[PDB]
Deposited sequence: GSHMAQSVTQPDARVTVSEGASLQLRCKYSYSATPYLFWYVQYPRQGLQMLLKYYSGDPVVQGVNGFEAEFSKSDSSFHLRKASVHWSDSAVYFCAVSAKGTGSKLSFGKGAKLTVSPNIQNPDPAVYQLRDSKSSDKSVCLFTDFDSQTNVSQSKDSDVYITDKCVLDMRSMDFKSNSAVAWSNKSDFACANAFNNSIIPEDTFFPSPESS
């Protein structure tokens, strides 16, 4: 009777770049339409609501959505995207007779690629505090993409953006490691950047 379909459960967007999350919903008759957002480690909160009138409903923080009776959709748009916008976004519906019963969309995770002006990609291997190891990859640009272990006897985590608010400085981070006695930084065998 009532389904909600979000096409992409995965989106990645640079700051400022336009964004469009999409919500196509199940038919008929008079649906009530919403957009919700789930912060990191948090619960949901309402972002936008539409009951009737002008099909374009605007958010105070730059989000806006448009409902199309014909196309049967409720799409979320932002002209300029900020890093604080990194979150999960649900779209929700409910109809007449089912006014207080929301059908939630699938959900879509938003990764805002951070814009760093001075990337200087490098890789170092850290020694244990107690035991007198692990390799890390940081201070690279947003556009490069972390690549899984070819060895698969070896572990590797995808990029992780960290930020120093004290000095307004952001940085991605990636880490590789294993139990194997023999190891060197050089053997990031994939998606490299020689500088």
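Unmodelled regions of the deposited chain, listed from N- to C-terminal end, are 1 to 4, 137 to 138, 194, 203 to 212.
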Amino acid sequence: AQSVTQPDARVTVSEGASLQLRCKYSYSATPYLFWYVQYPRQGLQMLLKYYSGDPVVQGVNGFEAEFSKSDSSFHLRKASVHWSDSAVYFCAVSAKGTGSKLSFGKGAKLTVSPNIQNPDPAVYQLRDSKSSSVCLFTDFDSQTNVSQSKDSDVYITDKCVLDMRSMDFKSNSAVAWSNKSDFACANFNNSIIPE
From here on, numbers count along this sequence of modelled residues.
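The stretch 117 to 125 shows the higher mean C-alpha B-factor when 70 to 78 is compared against 117 to 125 in the entry. Of the two stretches examined, 80 to 88 and 98 to 106, the record assigns the greater average C-alpha temperature factor to 80 to 88.
Highest C-alpha temperature factor among 138, 58, 147, 45, as the PDB entry reports it: 138. Which of 174, 13, 23, 186 has the largest Cα B-factor in the deposited entry comes down to 174. Ranked against the other modelled residues of its chain, the C-alpha B-factor of residue 35 as given in the entry falls in the lowest third. Ranked by Cα temperature factor within the chain, residue 19 sits in the lowest third according to the deposited record. In this PDB entry, the Cα temperature factor of residue 170 sits in the middle third of its chain's modelled residues. Among all modelled residues in this chain, the alpha-carbon of residue 130 has a temperature factor (C-alpha) in the highest third.
Remark: residue 49 belongs to the middle third of its chain, ranked by C-alpha B-factor as recorded.
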